[PDB]
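In what follows, a single structure is set out as structure tokens and then discussed.
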Protein chains: 2
Amino acid sequence: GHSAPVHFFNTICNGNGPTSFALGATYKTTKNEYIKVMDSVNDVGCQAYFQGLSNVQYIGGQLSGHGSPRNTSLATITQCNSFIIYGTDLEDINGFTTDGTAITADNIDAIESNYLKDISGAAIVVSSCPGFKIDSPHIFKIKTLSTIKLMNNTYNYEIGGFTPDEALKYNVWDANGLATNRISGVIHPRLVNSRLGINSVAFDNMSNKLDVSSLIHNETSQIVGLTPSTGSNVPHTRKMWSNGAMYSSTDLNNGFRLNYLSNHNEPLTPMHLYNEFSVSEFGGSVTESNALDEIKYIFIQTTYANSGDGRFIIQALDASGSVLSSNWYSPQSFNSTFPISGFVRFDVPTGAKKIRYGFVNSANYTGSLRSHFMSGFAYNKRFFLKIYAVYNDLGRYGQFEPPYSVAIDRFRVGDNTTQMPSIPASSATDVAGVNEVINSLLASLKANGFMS
Amino acid sequence: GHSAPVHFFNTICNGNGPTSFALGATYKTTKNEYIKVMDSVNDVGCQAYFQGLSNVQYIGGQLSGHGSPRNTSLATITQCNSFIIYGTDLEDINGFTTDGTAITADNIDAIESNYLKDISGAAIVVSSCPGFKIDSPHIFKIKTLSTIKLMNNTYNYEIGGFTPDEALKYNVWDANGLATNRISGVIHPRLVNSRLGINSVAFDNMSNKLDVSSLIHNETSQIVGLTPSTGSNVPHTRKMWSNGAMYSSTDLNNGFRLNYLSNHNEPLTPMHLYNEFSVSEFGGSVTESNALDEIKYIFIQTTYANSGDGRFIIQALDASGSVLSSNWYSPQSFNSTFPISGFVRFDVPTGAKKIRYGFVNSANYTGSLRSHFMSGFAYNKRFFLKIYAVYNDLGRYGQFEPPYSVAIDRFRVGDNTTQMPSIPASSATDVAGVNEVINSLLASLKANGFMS
């Protein structure tokens, strides 16, 4: 049941929440009776609460908590339709949870894990409101986890360019999770490459993600597998990696070889499957305060599997090869989409010169990509790996993309080379000795893909 | 200090700045005393001036100069926060500068070069206002250099689809320049492919630039250099170019070979490094009024350098091969992001059939890319070249992108060919003569990159 349409013009809600004084206060009536103002010691409030509405326009008002009242949010929108905000002043929130837990930068990590499905933790919490829009307000003094929280099937939201870095952890906190739900929202690019960015779920549902990032690694499985294989669910050639090897040569359907690594801050050896590339390369006549960093965030998308022991490692190195930062990622960590695949976020620290990424084994044995990362193809039969690089500035150092030229036929249409038909061995009865180099050259051609 | 939030509704500011009559006017007081109205002969004004505000909404008003008053702009926003415009009528501006210089179509080039940092030259001038929104209003009769001007760290702006071609030079004039600033704005795509487009700085900061354009040339330096190299800071091969050569076959790190050319309208020879491709290919049963042009603008991004005689040349040719238009681009011209790289804009004239682009030398000697275009790798240690083609219509002729097919393994995962191990020379003592054709094929395989 609902009412539509509700119109709000230049309306201000200020200071509306349980405060320190109100919780301990007792109202004395004219009949000399005392009434306890609080319902409980964990009483929490809000400035504006909306539920069961449609076509609500809040045009140029103000939502702020002055006097530090215990608020779970400034505006709570639940089960509404087409809630649009037009330049509302938002400021001075006192972050709390629904059960009365104070949101503080000290315990900001336990709030995201234990209170993900809670209706709290942002200046504006949107729950089950399809047509949401915020339209670039000015926000400041936000003492909670994020600025906007989206959850419970908010699938067509649009978020404008408000003040990026005001909350404690994020700017946009997408908490939508359900396999049946298809979320596709629009986020301003300036909110992604800021000091506080968006979480991995918000980047999963960001439709204009190529406006701020680009793919630095794109690998998928082939259609027809090679000769020594019993399937075509993983790569069989290793041609996309600089170090490492394959798990098996008699069954290529087993993926890459996962070698043991004790922790993510340990050095990678040539036996591990990993790549390496440099960033932020500027000359000697440039000051490091003028030349900023290249990459701000790195988003990795991979297949999802319930069990693990196979880790996707990523490291940020500097000059002299010292590890500045690292992180593990188990197969069950990619659950933006629980059934198929998910996203993870990695923060590139300032001063990093090189980036390493690959697959390792967290247990003390040698595993394979199929059995120890994909769980034997139980949740997905097509492996893929996508790594997005969110640049600090749009195109300062040049975005990384595959080479192409409209005037060169090798890149415009591709090269005109085909696999040669199989040539039999040289067994002429006219001379020996030369059959040494001929059959070896014919064998090298067949072994390197040039010949069938 | 500031006031927030200021609300404007259906408010009109009409014909306010100093006029011809007012400048020469003298007020006669009741006490028979005379007061000169004009402070100086170069008095200038605007309809609305805003400074030090936050969360300002101008909802459906009108800003117009009637009676031709001397105005630097219609609205001047300076050091504000979240200024949003909602469908405001804007019209009839008389372009002037802050010092009283009239902005006409004759001096439109000297004003852009000499008054870049001036707070003037547009219908709406935005200076140091992060959250600016324009919401696409209807605009006409604009006698300034541009319609919107952005400068002084306006880093997150959205510009809607207003009337494109009303100003004299541009639609959006981005004047943001600073090494520490990170600008990321959103511009409506219909404002980029218009008669008047956006300047090179606005395309630099345009995050949704792939919605209106596509890369027709993308080239970067490799990681590991070739054998005679002394470093890997430039392309060591010439596979991206159809003409020209390398500077020296003994170093390969000096880059391409820059040959002398008198002017940009001179014909390019096979000794020059340049490419060529055709545009607007329609059949005989199509009328040229129905078949429009293919490319509207071309944006080139390259590394910055403070000196050098090497020039990036681009030419627009026709049938019979006559040069319609051309332009030089020195290394200092790529300074839209001063310390690293920059953008330039080239206007493709109507009737053009072919486009040529490459690198030449403006001085009468043969130079190299490392020394005569870059300053010895003093600013950027990685060379890149990205050329964007802004199409007249979105996909009329088909956008140029690398070939791909999801059903072909050669394009889905790549070809399964590797460099063969080095095969020694055939020196068998059993027969000669054939060893000539054997070692010549083995030498060619090693020379063509097929063999190590």
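Quick note on naming: the chains in the structure tokens go A, B, ... in the order shown, residues restart at 1 in each chain, and ligands are numbered from 1 in order of appearance.
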Would you write out, as a tab-separated table, a table of all residues in chain A that have an atom no more than 6 Å from an atom of chain B, listing for each the closest atom pair and the distance in Å to one decimal, considering only C-alpha atoms and ordering rows by chain and rising residue number?
residue	atom	partner	partner_atom	distance
A:137	CA	B:82	CA	5.8
A:138	CA	B:82	CA	5.5
A:190	CA	B:184	CA	5.8
A:211	CA	B:207	CA	5.2
A:281	CA	B:381	CA	5.6
A:282	CA	B:380	CA	4.6
A:283	CA	B:379	CA	4.2
A:284	CA	B:378	CA	5.5
A:285	CA	B:378	CA	5.2
A:286	CA	B:379	CA	5.8
A:290	CA	B:179	CA	4.9
A:393	CA	B:182	CA	5.7
A:403	CA	B:218	CA	5.1
A:404	CA	B:218	CA	5.2
A:405	CA	B:217	CA	4.4
A:406	CA	B:216	CA	5.3
A:407	CA	B:277	CA	5.4
A:412	CA	B:402	CA	5.9
A:413	CA	B:403	CA	5.9
A:433	CA	B:428	CA	5.5
A:448	CA	B:418	CA	5.3
A:449	CA	B:417	CA	4.7
Selection export as an mmCIF file, in the first residue's frame, atoms kept: C-alpha atoms:
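Ended up saving to out_13.cif:
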data_model
loop_
_atom_site.group_PDB
_atom_site.id
_atom_site.type_symbol
_atom_site.label_atom_id
_atom_site.label_comp_id
_atom_site.auth_asym_id
_atom_site.auth_seq_id
_atom_site.Cartn_x
_atom_site.Cartn_y
_atom_site.Cartn_z
ATOM 1 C CA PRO A 137 24.652 17.348 -3.489
ATOM 2 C CA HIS A 138 27.283 18.829 -1.153
ATOM 3 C CA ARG A 190 34.916 10.957 -9.895
ATOM 4 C CA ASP A 211 34.716 5.292 -18.162
ATOM 5 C CA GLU A 281 57.281 5.922 -14.980
ATOM 6 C CA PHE A 282 58.311 9.607 -15.203
ATOM 7 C CA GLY A 283 61.630 11.242 -16.046
ATOM 8 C CA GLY A 284 64.186 13.047 -13.933
ATOM 9 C CA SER A 285 62.989 16.550 -14.851
ATOM 10 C CA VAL A 286 59.601 15.860 -13.201
ATOM 11 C CA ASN A 290 53.556 16.966 -10.054
ATOM 12 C CA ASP A 393 43.780 10.434 -13.476
ATOM 13 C CA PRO A 403 47.493 -2.218 -30.020
ATOM 14 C CA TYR A 404 45.610 -1.226 -33.148
ATOM 15 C CA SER A 405 46.107 0.838 -36.290
ATOM 16 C CA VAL A 406 43.473 1.652 -38.907
ATOM 17 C CA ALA A 407 46.118 1.918 -41.653
ATOM 18 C CA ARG A 412 42.957 -3.843 -39.001
ATOM 19 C CA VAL A 413 42.004 -7.351 -40.176
ATOM 20 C CA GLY A 433 73.312 -36.100 -42.739
ATOM 21 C CA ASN A 448 55.560 -24.811 -32.117
ATOM 22 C CA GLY A 449 52.126 -24.685 -33.767
#
If we count only C-alpha atoms, what is near residue A:68 at a cut-off of 7 Å, once residues fewer than 3 positions away on the same chain are taken out, given as a PDB file with N, CA, C and O atoms, in the first residue's frame?
ATOM      1  N   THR A  19      19.197  11.741  21.953  1.00  0.00           N
ATOM      2  CA  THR A  19      20.489  12.385  22.310  1.00  0.00           C
ATOM      3  C   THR A  19      20.934  11.867  23.678  1.00  0.00           C
ATOM      4  O   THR A  19      20.128  11.174  24.327  1.00  0.00           O
ATOM      5  N   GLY A  65      22.097  16.184  11.380  1.00  0.00           N
ATOM      6  CA  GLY A  65      21.981  15.955  12.805  1.00  0.00           C
ATOM      7  C   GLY A  65      22.866  16.878  13.615  1.00  0.00           C
ATOM      8  O   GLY A  65      24.071  16.648  13.734  1.00  0.00           O
ATOM      9  N   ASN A  94      25.774  11.212  13.152  1.00  0.00           N
ATOM     10  CA  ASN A  94      26.402  10.500  14.262  1.00  0.00           C
ATOM     11  C   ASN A  94      26.151   9.013  14.031  1.00  0.00           C
ATOM     12  O   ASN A  94      25.067   8.505  14.332  1.00  0.00           O
TER      13      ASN A  94
END
Need to verify the contact set: residue A:314, 8 Å, only C-alpha atoms, exclusion of same-chain residues closer than 5 positions in sequence. Can you return it as a VMD selection string?
chain A and resid 264 326 to 328 355 to 358
Same-sequence pair chain B/chain A: after least-squares overlay on all Cα in order, RMSD is 0.2 Å
At a cut-off of 8 Å, using only C-alpha atoms, what residues contact residue B:308? Leave out same-chain residues fewer than 6 positions from it and give the result as a PyMOL selection string.
chain B and resi 330-331+371-375
Requested write-out: N, CA, C and O atoms of the selected residues, as a PDB file, in the first residue's frame:
ATOM      1  N   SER B 330      54.007  20.648 -32.095  1.00  0.00           N
ATOM      2  CA  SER B 330      55.280  20.529 -31.408  1.00  0.00           C
ATOM      3  C   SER B 330      55.113  19.744 -30.110  1.00  0.00           C
ATOM      4  O   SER B 330      53.995  19.569 -29.620  1.00  0.00           O
ATOM      5  N   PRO B 331      56.212  19.240 -29.540  1.00  0.00           N
ATOM      6  CA  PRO B 331      56.098  18.520 -28.259  1.00  0.00           C
ATOM      7  C   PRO B 331      55.524  19.362 -27.132  1.00  0.00           C
ATOM      8  O   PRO B 331      54.937  18.805 -26.197  1.00  0.00           O
ATOM      9  N   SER B 371      65.501  12.017 -29.222  1.00  0.00           N
ATOM     10  CA  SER B 371      66.225  13.254 -28.960  1.00  0.00           C
ATOM     11  C   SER B 371      65.520  14.501 -29.473  1.00  0.00           C
ATOM     12  O   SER B 371      65.629  15.558 -28.843  1.00  0.00           O
ATOM     13  N   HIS B 372      64.797  14.412 -30.590  1.00  0.00           N
ATOM     14  CA  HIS B 372      64.243  15.591 -31.239  1.00  0.00           C
ATOM     15  C   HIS B 372      62.742  15.756 -31.049  1.00  0.00           C
ATOM     16  O   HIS B 372      62.209  16.816 -31.390  1.00  0.00           O
ATOM     17  N   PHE B 373      62.048  14.749 -30.527  1.00  0.00           N
ATOM     18  CA  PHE B 373      60.672  14.909 -30.081  1.00  0.00           C
ATOM     19  C   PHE B 373      60.553  14.818 -28.568  1.00  0.00           C
ATOM     20  O   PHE B 373      59.887  15.649 -27.945  1.00  0.00           O
ATOM     21  N   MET B 374      61.180  13.816 -27.963  1.00  0.00           N
ATOM     22  CA  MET B 374      61.338  13.778 -26.519  1.00  0.00           C
ATOM     23  C   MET B 374      62.675  14.403 -26.135  1.00  0.00           C
ATOM     24  O   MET B 374      63.616  14.445 -26.933  1.00  0.00           O
ATOM     25  N   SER B 375      62.749  14.911 -24.912  1.00  0.00           N
ATOM     26  CA  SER B 375      63.959  15.591 -24.448  1.00  0.00           C
ATOM     27  C   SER B 375      64.925  14.618 -23.780  1.00  0.00           C
ATOM     28  O   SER B 375      65.395  14.841 -22.666  1.00  0.00           O
TER      29      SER B 375
END
For atom CA of residue A:80 and atom CA of residue A:1, determine how far apart the two atoms are, in Å to one decimal place.
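Here the two named atoms are 10.4 Å from each other.
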Filtered DSSP result for stretch 113-318 of chain B, state alpha helix (DSSP H), as a PyMOL selection string
chain B and resi 113-114+200-204
I want to know what sits within 12 Å of residue A:246, based on only C-alpha atoms, with residues of the same chain fewer than 5 positions away left out; could you give that as an MDAnalysis selection string?
chainID A and resid 234:241 251:259 271:273 359 366:370
File of the preceding selection, N, CA, C and O atoms, as a compact mmCIF listing (two decimals), in the first residue's frame:
# COMPACT_ATOMS: atom_id res chain seq x y z
N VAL A 234 39.48 -24.80 -19.12
CA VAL A 234 40.53 -23.92 -18.62
C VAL A 234 41.51 -23.64 -19.75
O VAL A 234 41.48 -24.32 -20.78
N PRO A 235 42.38 -22.63 -19.62
CA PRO A 235 43.45 -22.46 -20.61
C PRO A 235 44.42 -23.64 -20.60
O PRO A 235 44.67 -24.25 -19.56
N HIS A 236 44.95 -23.96 -21.78
CA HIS A 236 45.83 -25.11 -21.95
C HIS A 236 47.24 -24.75 -22.38
O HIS A 236 48.06 -25.66 -22.56
N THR A 237 47.56 -23.47 -22.56
CA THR A 237 48.80 -23.08 -23.21
C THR A 237 49.76 -22.27 -22.35
O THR A 237 50.95 -22.20 -22.69
N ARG A 238 49.29 -21.63 -21.28
CA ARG A 238 50.11 -20.82 -20.38
C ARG A 238 50.70 -19.59 -21.08
O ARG A 238 51.44 -18.81 -20.46
N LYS A 239 50.34 -19.35 -22.34
CA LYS A 239 50.90 -18.25 -23.13
C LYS A 239 50.54 -16.87 -22.60
O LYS A 239 51.04 -15.88 -23.14
N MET A 240 49.70 -16.77 -21.57
CA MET A 240 49.29 -15.49 -21.02
C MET A 240 50.06 -15.12 -19.75
O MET A 240 49.73 -14.12 -19.11
N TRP A 241 51.07 -15.90 -19.39
CA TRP A 241 51.82 -15.69 -18.16
C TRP A 241 53.31 -15.76 -18.44
O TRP A 241 53.76 -16.48 -19.34
N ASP A 251 47.16 -34.38 -19.39
CA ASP A 251 45.77 -33.94 -19.29
C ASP A 251 45.78 -32.43 -19.10
O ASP A 251 45.90 -31.95 -17.97
N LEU A 252 45.65 -31.69 -20.20
CA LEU A 252 45.68 -30.24 -20.13
C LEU A 252 44.42 -29.64 -19.52
O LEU A 252 44.42 -28.45 -19.20
N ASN A 253 43.36 -30.43 -19.35
CA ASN A 253 42.15 -29.92 -18.70
C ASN A 253 42.39 -29.59 -17.23
O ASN A 253 41.57 -28.89 -16.63
N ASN A 254 43.47 -30.09 -16.64
CA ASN A 254 43.95 -29.56 -15.38
C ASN A 254 44.63 -28.22 -15.65
O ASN A 254 45.46 -28.12 -16.56
N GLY A 255 44.28 -27.20 -14.87
CA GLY A 255 44.71 -25.86 -15.18
C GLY A 255 46.17 -25.58 -14.87
O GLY A 255 47.03 -26.45 -15.03
N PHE A 256 46.45 -24.35 -14.45
CA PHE A 256 47.82 -23.97 -14.13
C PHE A 256 48.32 -24.73 -12.90
O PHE A 256 47.55 -25.33 -12.15
N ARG A 257 49.63 -24.69 -12.71
CA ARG A 257 50.27 -25.33 -11.56
C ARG A 257 50.35 -24.32 -10.42
O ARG A 257 50.99 -23.28 -10.55
N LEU A 258 49.71 -24.65 -9.30
CA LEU A 258 49.69 -23.79 -8.12
C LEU A 258 50.77 -24.26 -7.16
O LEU A 258 50.69 -25.37 -6.62
N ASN A 259 51.78 -23.42 -6.94
CA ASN A 259 52.88 -23.74 -6.04
C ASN A 259 52.64 -23.11 -4.67
O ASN A 259 51.90 -22.14 -4.52
N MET A 271 59.09 -20.36 -10.41
CA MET A 271 58.22 -21.53 -10.47
C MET A 271 56.76 -21.17 -10.22
O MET A 271 55.88 -21.96 -10.57
N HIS A 272 56.49 -20.02 -9.62
CA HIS A 272 55.12 -19.58 -9.41
C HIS A 272 54.54 -18.98 -10.68
O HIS A 272 55.26 -18.46 -11.54
N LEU A 273 53.22 -19.06 -10.80
CA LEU A 273 52.50 -18.49 -11.95
C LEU A 273 52.15 -17.05 -11.61
O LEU A 273 51.22 -16.78 -10.85
N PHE A 359 48.52 -16.77 -9.46
CA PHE A 359 47.86 -17.80 -8.68
C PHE A 359 48.90 -18.64 -7.95
O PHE A 359 49.91 -19.03 -8.53
N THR A 366 51.57 -29.13 -4.15
CA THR A 366 51.39 -28.61 -5.50
C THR A 366 50.00 -28.99 -5.99
O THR A 366 49.69 -30.18 -6.14
N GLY A 367 49.17 -27.98 -6.26
CA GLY A 367 47.82 -28.18 -6.73
C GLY A 367 47.63 -27.69 -8.16
O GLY A 367 48.54 -27.19 -8.82
N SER A 368 46.39 -27.84 -8.62
CA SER A 368 46.00 -27.43 -9.96
C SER A 368 44.87 -26.41 -9.88
O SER A 368 44.18 -26.29 -8.86
N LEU A 369 44.68 -25.68 -10.98
CA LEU A 369 43.62 -24.68 -11.03
C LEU A 369 42.24 -25.32 -11.04
O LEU A 369 41.29 -24.73 -10.51
N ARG A 370 42.11 -26.51 -11.62
CA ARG A 370 40.80 -27.14 -11.74
C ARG A 370 40.31 -27.67 -10.40
O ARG A 370 39.15 -27.47 -10.02
Counting only C-alpha atoms, what is within 9 Å of residue A:10, bar same-chain residues fewer than 5 positions away, as a list in words?
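Residues near the query, excluding close chain neighbours: residues 58, 59, 60, 61, 62 and 88 of chain A; 7 of chain B.
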Just-selected residues, C-alpha atoms written as a short mmCIF file (atom, residue, chain, number, x, y, z; two decimals), in the first residue's frame:
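File part13.cif, as written:
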data_model
loop_
_atom_site.label_atom_id
_atom_site.label_comp_id
_atom_site.auth_asym_id
_atom_site.auth_seq_id
_atom_site.Cartn_x
_atom_site.Cartn_y
_atom_site.Cartn_z
CA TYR A 58 12.83 16.03 -2.16
CA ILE A 59 13.84 19.30 -3.82
CA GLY A 60 16.57 21.39 -2.20
CA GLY A 61 16.06 20.76 1.50
CA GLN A 62 18.42 19.86 4.33
CA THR A 88 19.87 18.50 -0.62
CA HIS B 7 17.38 28.50 -3.26
#
For residue A:78: contacts at 6 Å, only C-alpha atoms, fewer than 5 positions along chain excluded, given as a PDB file with N, CA and C atoms, in the first residue's frame:
ATOM      1  N   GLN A  51       8.617   5.038   3.848  1.00  0.00           N
ATOM      2  CA  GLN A  51       8.267   3.648   3.601  1.00  0.00           C
ATOM      3  C   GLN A  51       6.956   3.591   2.834  1.00  0.00           C
ATOM      4  N   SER A 127      16.796   1.037   0.478  1.00  0.00           N
ATOM      5  CA  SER A 127      16.456  -0.380   0.554  1.00  0.00           C
ATOM      6  C   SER A 127      15.202  -0.627  -0.274  1.00  0.00           C
ATOM      7  N   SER A 128      15.349  -1.390  -1.360  1.00  0.00           N
ATOM      8  CA  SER A 128      14.226  -1.806  -2.204  1.00  0.00           C
ATOM      9  C   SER A 128      13.527  -0.610  -2.847  1.00  0.00           C
TER      10      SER A 128
END
B:98, B:76, B:146, B:16: which is nearest residue B:42, counting only C-alpha atoms?
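Nearest candidate to residue B:42 out of B:98, B:76, B:146, B:16: B:98.
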Nearest-residue call for residue B:265, choices B:443, B:323, B:397, B:107, using only C-alpha atoms
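Nearest candidate to residue B:265 out of B:443, B:323, B:397, B:107: B:323.
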Atom CA of residue A:89 and atom CA of residue B:135 are how many Å apart?
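Interatomic distance, atom CA of residue A:89 to atom CA of residue B:135: 19.0 Å.
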Which of B:437, B:191, B:90, B:38 sits closest to residue B:14 [using only C-alpha atoms]
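Closest to residue B:14 of all the choices is B:90.
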Calculate how many Å separate atom CA of residue A:351 from atom CA of residue A:198, rounding to one decimal.
21.9 Å
